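Report on one structure; see the data block that follows.
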Amino acid sequence: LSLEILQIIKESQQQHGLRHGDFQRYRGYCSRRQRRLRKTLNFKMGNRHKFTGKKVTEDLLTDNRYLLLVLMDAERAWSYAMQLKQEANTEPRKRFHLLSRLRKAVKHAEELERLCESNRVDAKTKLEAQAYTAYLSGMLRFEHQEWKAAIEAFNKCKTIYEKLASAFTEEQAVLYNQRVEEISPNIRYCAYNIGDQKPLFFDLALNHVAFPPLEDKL
Amino acid sequence: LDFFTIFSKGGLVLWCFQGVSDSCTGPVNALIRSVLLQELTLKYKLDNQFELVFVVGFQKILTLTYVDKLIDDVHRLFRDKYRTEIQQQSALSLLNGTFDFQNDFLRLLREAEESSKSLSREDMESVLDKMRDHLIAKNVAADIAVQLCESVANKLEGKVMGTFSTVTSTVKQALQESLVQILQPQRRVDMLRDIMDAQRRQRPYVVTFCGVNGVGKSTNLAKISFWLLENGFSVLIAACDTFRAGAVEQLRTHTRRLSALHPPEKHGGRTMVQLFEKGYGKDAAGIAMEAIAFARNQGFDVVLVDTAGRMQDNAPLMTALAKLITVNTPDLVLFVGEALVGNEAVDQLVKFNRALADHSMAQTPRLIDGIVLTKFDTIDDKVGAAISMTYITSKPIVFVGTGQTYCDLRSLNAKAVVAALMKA
RNA sequence: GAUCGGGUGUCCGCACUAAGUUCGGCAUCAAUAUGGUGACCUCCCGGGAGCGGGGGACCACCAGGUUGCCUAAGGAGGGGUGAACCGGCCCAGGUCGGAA
Ligand SMILES: Nc1nc2c(ncn2[C@@H]2O[C@H](COP(=O)(O)OP(=O)(O)NP(=O)(O)O)[C@@H](O)[C@H]2O)c(=O)[nH]1
Ligand SMILES: [Mg+2]
């Protein structure tokens, strides 16, 4: 059913490098993450001496576990492009290789949003995947170096992620409102350059068992 | 550039920019990352001559070359146009000066958006090299002595020297001041007052002793067990060292030697030093959790958790240690590092603190809360291991071991350690 | 507060996971603008030779500036051989042309 995609990516980056800025280590944890999800669930793409295309179909989406396989393809190509942005400050040709990993990180997230459009997934992962696509499309069209196509898919990602917050409890709205606030600083920069031109449960209903007022009875 | 604030070093906002759209958003977090923590990307530029700071807020880190050229022209027009207000000693020259730099910045910003489409460092060069070679030979880490020396060509560049000063004695002095302020971590400690606060939930006080092989975790744990008993505290030694030979009999000789000095007869009739041991080969997070529940039930004010010594590059074992300290939630994580280690004092604490926060599953993870600097009686002035440790980590040297007995436990004299290190 | 409900985590040749620990296999795209290199083909022009001046054609590799109907991923990485005759170059002697 459920998948907290934002909590998945944030606690895997702080634990595997991105707290100190290691995109090379985070991508390697992403590749070993996917190899061991593939070897456990017997979902290998190729065999020895041949290759076969991995197609995560709709039938195997009941596991609530194969969405993390395609997401580890989206987070691997995203982590490689952010590492190539640090190596493109001294090798400006690395930027061409950066932009080929971000177009296939939205393509995995657009193929992962179409998989969540299945009726076997709740109304939480269809919409975490819809606006994780709109966040990677605003970062690719921000790295296109056009300031207008950058605020178009960031205000789209902000309006999607805010439409998801209003629809549920304000406690579950925290995850969707944490992500509108998460992409809100980038929207103030592209607006500055367009117009430039058993748990413990207590039986508290046993403390309520007491005598009636015995003042009228004396 | 969405943001730009220029204040003095005395903490006085002179001029700020946040765009015509709303105004004045995030000038305090801008100061904090840029001046407070240095002694939307939020960077800075320091005018050390007139005590100014030029904090800026921008995104797209690849536009950092044009953001630096805009801070340089704004810094050159600010210190020239207002040279009279900022060159005086009185803080009433800046309180009474009018810094109407909005039309000058909108012109320097709109014009830098079209390019996109005394003491110098040569004088201070030779003495910053003799001071960096003195820190390194006095056992300050090789790169700690390189950032230390560059924090001082920055601090004094532009500044005029005293009536009797040379190039040598200025970088030699502001390097002592940037060294005492970094050997002054942003932390404090207490005593019985702190176990009265650990009794706000009626629970003991659990300290975790971690570190690399052979530094003195078990021996200084016994100097602190004698120091707690001397203050009238009962201490339960949790023996979670199950990766060695004689790691429990070492702690059982410390408990026999300490329950001799502080017996029940000379304490009131109750046990004050007791060893909690489960043998060898057992889990070190399971013996530790059993000893916190045992000291709660048997009334021990302190639990001193001894862990096994390990390296800094062990992914399946710094995982089990970082998960131990994350989950056990100890009151004070005490990294134990010897005063004999050289450049490894930086790599030990950086990997020990990176592990404690990686394999942690909290929002703000439980990091190392202090340092115990052991084998201090062995360097004799090669004291730069105390600087390398409180430099990277902003944690204090809680104790300084000065020998092998229980009485060789000192507080840190951090003033005379920088005076010995900065005197060459 | 005597027995004791009600319920867990120590014991297992256990069940499933998948940050790491370790060695292999297979595999690793293409188009543009600019310059360069090496070869080869075909013309003029000068000479007593070794040779010298000049016009095109084609091939491979190469540097680096934009890119894609490009990837499961495809660096404008680092190295080595370049020999028994086949890369280029600098080429002792020797050697061929020359009166030199
Ligand atoms: N001179 C001197 N020796 C010290 C000091 N602190 C510890 N030692 C010595 O260093 C040695 C290491 O002892 P120990 O406490 O077992 O270190 P450890 O870190 O627990 N080793 P392990 O990794 O096995 O747990 C002992 O001989 C101890 O006496 C100190 O401040 N000065
Ligand atoms: Mg020990």
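Within the span defined as segment B:108-125, one or more residues are part of a loop (DSSP other than H, G, I, E, B), touching a helix residue (DSSP H, G or I) at 6+ places or on another chain (Cβ under 8 Å) and among the hydroxyl-bearing types (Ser, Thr, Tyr).
Of all residues in segment B:385-424, how many are within 16 Å of ligand 1 (Cβ to nearest atom) and of a type in the set (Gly, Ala, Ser)?
Going through segment B:385-424 one residue at a time, the tally reaches 5.
Evaluate segment A:145-166: report whether one residue or more is within 25 Å of residue A:54 (Cα to Cα), buried (at least 19 other Cβ atoms within 10 Å of the Cβ) and more than 14 Å from chain B (Cβ to nearest Cβ). Checked against the condition, which is being within 25 Å of residue A:54 (Cα to Cα), buried (at least 19 other Cβ atoms within 10 Å of the Cβ) and more than 14 Å from chain B (Cβ to nearest Cβ), segment A:145-166 yields no hits at all.
Has segment B:84-106 got any residue that is within 14 Å of another protein chain (Cβ to nearest Cβ), surrounded by 15 or more Cβ atoms within 10 Å (Cβ to Cβ) and either farther than 18 Å from residue B:18 by Cα or touching a helix residue (DSSP H, G or I) at 6+ places or on another chain (Cβ under 7 Å) (or both)? No. Among residues of segment B:243-265 that are more than 15 Å from residue B:219 (Cα to Cα), those with a Cβ under 6 angstrom from a residue that is part of a helix (DSSP H, G or I), sequence gap 6+ or separate chain, pair up as B:262/B:229.
Taken as a whole, the condition of being among the basic types (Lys, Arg), within 9 Å of RNA strand C (Cβ to nearest atom), touching a helix residue (DSSP H, G or I) at 6+ places or on another chain (Cβ under 9 Å) and not in a loop (DSSP other than H, G, I, E, B) applies to residue A:33. Scanning segment B:256-305 for residues that are among the hydroxyl-bearing types (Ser, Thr, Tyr) and away from ligand 1 (no atom under 16 Å from the Cβ) yields B:259, B:271. Looking across segment B:15-28, the residues that are touching a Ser or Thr at 6+ places or on another chain (Cβ under 6 Å) and away from chain A (no Cβ under 14 Å) come down to B:16, B:27. Do you know which of the residues in segment B:306-332 that are within 16 Å of ligand 1 (Cβ to nearest atom) and of a type in the set (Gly, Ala, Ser) is surrounded by the fewest Cβ atoms within 10 Å (Cβ to Cβ)? Taking the candidates together, the pick is B:320.
Selection of segment B:156-187 for residues being of a type in the set (D, E, K, R) and surrounded by 18 or more Cβ atoms within 10 Å (Cβ to Cβ) yields B:157, B:172. When segment B:377-393 is filtered for residues that are closer than 21 Å to residue B:218 by Cα and either crowded, with 23+ Cβ neighbours inside 10 Å or touching a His at 6+ places or on another chain (Cβ under 6 Å) (or both), the ones remaining, listed by number, are B:385, B:386, B:389.
Check residue A:205 against each of (1) touching a strand residue (DSSP E or B) at 6+ places or on another chain (Cβ under 8 Å); (2) assigned to a loop (DSSP other than H, G, I, E, B) and name the one condition it does not meet. Going through (1) touching a strand residue (DSSP E or B) at 6+ places or on another chain (Cβ under 8 Å); (2) assigned to a loop (DSSP other than H, G, I, E, B) one by one, residue A:205 breaks only (1).
In summary, residue A:118 fulfils each of the numbered conditions (1) in a helix (DSSP H, G or I); (2) small (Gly, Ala, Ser); (3) away from RNA strand C (no atom under 13 Å from the Cβ) with the single exception of condition (1). Reported count of residues in segment A:38-89, each being over 22 Å from residue A:117 (Cβ atoms), among the charged types (D, E, K, R) and near RNA strand C (Cβ under 10 Å from one of its atoms), is 6.
If we keep just the residues of segment A:1-33 that are within 17 Å of residue A:61 (Cα to Cα) and surrounded by fewer than 19 Cβ atoms within 10 Å (Cβ to Cβ), which is nearest to the other protein chains (Cβ to nearest Cβ)?
It comes out as A:4.
Looking at the structure I just gave you, is residue B:218 among the hydroxyl-bearing types (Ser, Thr, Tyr), more than 10 Å from ligand 1 (Cβ to nearest atom) and either crowded, with 21+ Cβ neighbours inside 10 Å or more than 14 Å from every other protein chain (Cβ to nearest Cβ) (or both)? Taking the combined requirement at face value, the residue does not satisfy it. Scan the helices (runs of 4 or more DSSP H) fully inside segment B:306-424 and keep the ones with 1 or more residues being away from ligand 2 (no atom under 16 Å from the Cβ), more than 30 Å from residue B:230 (Cβ to Cβ) and not aliphatic (A, V, I, L, M). Per the criteria, B:315-328, B:344-358, B:385-392. Within segment A:37-57, does at least one residue satisfy the condition of being of a type in the set (S, T, N, Q), within 14 Å of another protein chain (Cβ to nearest Cβ) and loosely packed, with under 13 Cβ neighbours inside 10 Å? So far as segment A:37-57 goes, no, none of its residues is of a type in the set (S, T, N, Q), within 14 Å of another protein chain (Cβ to nearest Cβ) and loosely packed, with under 13 Cβ neighbours inside 10 Å.
So that you can scan it fast, the table gives a plain yes or no per residue for (1) away from chain B (no Cβ under 14 Å); (2) within 15 Å of the chain's Cα centre (by Cα):
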position: A:111; (1), (2): yes, yes
position: A:119; (1), (2): yes, no
position: A:124; (1), (2): yes, yes
position: A:135; (1), (2): yes, yes
position: A:184; (1), (2): no, no
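Any chance segment A:122-136 includes a residue that's farther than 18 Å from residue A:5 by Cα, among the aliphatic types (A, V, I, L, M) and either in contact with a strand residue (DSSP E or B) (Cβ under 7 Å, 6 or more places away or on another chain) or not in a loop (DSSP other than H, G, I, E, B) (or both)? Checking segment A:122-136: not a single residue is farther than 18 Å from residue A:5 by Cα, among the aliphatic types (A, V, I, L, M) and either in contact with a strand residue (DSSP E or B) (Cβ under 7 Å, 6 or more places away or on another chain) or not in a loop (DSSP other than H, G, I, E, B) (or both).
Just to be sure I understand, how many residues within segment B:154-178 are over 22 Å from the mean Cα position of the chain (by Cα) and assigned to a helix (DSSP H, G or I)?
Restricting attention to segment B:154-178, the residues satisfying the condition of being over 22 Å from the mean Cα position of the chain (by Cα) are B:156-172.
Narrowing further to those that are assigned to a helix (DSSP H, G or I): B:156, B:167-172.
The qualifying residues number 7.
Ideal geometry is used to build each Cβ from the backbone, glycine not excepted, and the neighbour counts take in all protein chains shown. Throughout, read-outs are computed from the coordinates displayed, never taken from laboratory work.
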